[PDB]
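Coming up, as structure tokens: structure 1 and structure 2, two forms of one and the same protein chain.
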Structure 1
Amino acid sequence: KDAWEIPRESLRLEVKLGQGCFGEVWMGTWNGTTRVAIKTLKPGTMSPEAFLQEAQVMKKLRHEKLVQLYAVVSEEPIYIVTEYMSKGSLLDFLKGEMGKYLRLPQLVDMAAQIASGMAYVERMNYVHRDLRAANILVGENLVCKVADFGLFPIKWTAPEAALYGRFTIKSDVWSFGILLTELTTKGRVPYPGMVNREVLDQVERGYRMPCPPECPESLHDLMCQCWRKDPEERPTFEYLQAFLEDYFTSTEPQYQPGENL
């Protein structure tokens, strides 16, 4: 009883892309013609009402840089159907064969797209809560879109959120600064060689990751703005998006390619 509802026979599940405690992610086909991604809910693993709230949120969000809901099968077994992003998660994309060809212009453009999606989240007064490369999807032509797979990522979380539960758009901005290090290191785990307990105490003392090799200091300066201790002093996503879009003209006009960035 909804315009999003589709018949069960119009959806075909072709390849299992992921497993979870609550369900699976598949690639499949909708209406025989449209390639789609599909989230399933294991019967009895979580409240159907609880699972379907995801779909209710996605019905209200529509932006070119956010993975787009296409369809729902809303009675058990429940299915949530979205557009398909052919290159998979940004984390895997960076770690895999393509990583060797990505240089700073592609990585900054990817960051600018993610910032645009998060600027929409910001305009709509939502909060992501788990922004990191594992929750970004990549398509043809290096298109990047914000997603949420419901995946503790202390290393990506702002200290006021990790310590006190203060999750806001500004703690997402912190996470975006961490995501900038994942881009510029081709997907490495942040704070290399530190465990969670060291990270939280180190960051509280004022430690911040140093500038990654071959990364311009001006982009590390941007990371450090995202990691300001006071959340209201961090930049908006609107600002981050504009900075990254304009980066190679306004900020690094004499960038030259290196071996890795």
Structure 2
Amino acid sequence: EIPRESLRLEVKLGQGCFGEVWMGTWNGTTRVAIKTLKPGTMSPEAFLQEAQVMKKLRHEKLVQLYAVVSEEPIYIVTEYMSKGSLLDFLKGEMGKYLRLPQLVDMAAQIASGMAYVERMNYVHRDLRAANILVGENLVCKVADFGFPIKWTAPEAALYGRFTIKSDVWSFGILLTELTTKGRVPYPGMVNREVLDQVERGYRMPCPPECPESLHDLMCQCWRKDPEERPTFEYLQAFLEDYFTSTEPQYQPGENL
């Protein structure tokens, strides 16, 4: 906890259903990002304790919590990611220029931060490009620990079975957002249509210009049986070695 007075909210970076996000300064010497919980959405004492678990986790690929203000409206001081969200990043200028190596690179970093969460016996719950923050030099970091039905695994959306293996399903979906440059999953399908199709065995096909080897990894993240989806340790390694072990004959195309 810190004196709210030492915080300064300069620019607003965006607004969400449960609060807002602001660039700003701390002690006048430190550029931070300040998240605000818009009152009445979450019981203070409640959010209070979930937050203590945000302190324990410390990784290079997890947006780092710096400080917190306990008084409503609640302030969450974290580290500033200049390039904003990955979805914004992908949908914006750079999407045109990003190719498979950059994308596969960004995926590996996320798999890295998630492999750490995996080790910590923790679960994210809401893994999607909107919750990945980008910094300088394509540094991606997992943020905002938990409706996005299209990013959610069947057993989680229906029976509330949220596990690190339901994050693996979400990751496979994230992979399509990268290969598509920010496009929405299951294009042309509304949540209910998605929910019903996936139950009957439907999975998204190979995005244009995407290699089958990369699509196969998606489908492994999309296995009906949770314990049969690979770990983030496996995905991390696979992605890091991609262009040497898996796609050494890779050649740049028009988009990928």
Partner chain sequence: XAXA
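Residue numbering: sequential along structure 1, first residue numbered 1. Each form is matched to the other, and the largest set of C-alpha atoms that superpose within 1.5 Å is called the rigid core.
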Report the structure number, 1 or 2, for the form deposited without its partner chain.
1
Which one of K42, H63, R208, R228, by Cα shift of 2 Å or more between the two structures, core superposed:
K42
After a core superposition, would you say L52 shifts its C-alpha by at least 2 Å between the two structures?
yes
Exceeds or equals 2 Å, Cα of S74 between the two structures, core fit
yes
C21: with the rigid core matched between the two structures, does its Cα shift 2 Å or more?
yes
Superpose the two forms on the rigid core and tell me the Cα shift of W30 between the two structures in angstrom.
1.3
Per-residue C-alpha deviation between the two structures [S10; rigid core superposition; Å]
2.2
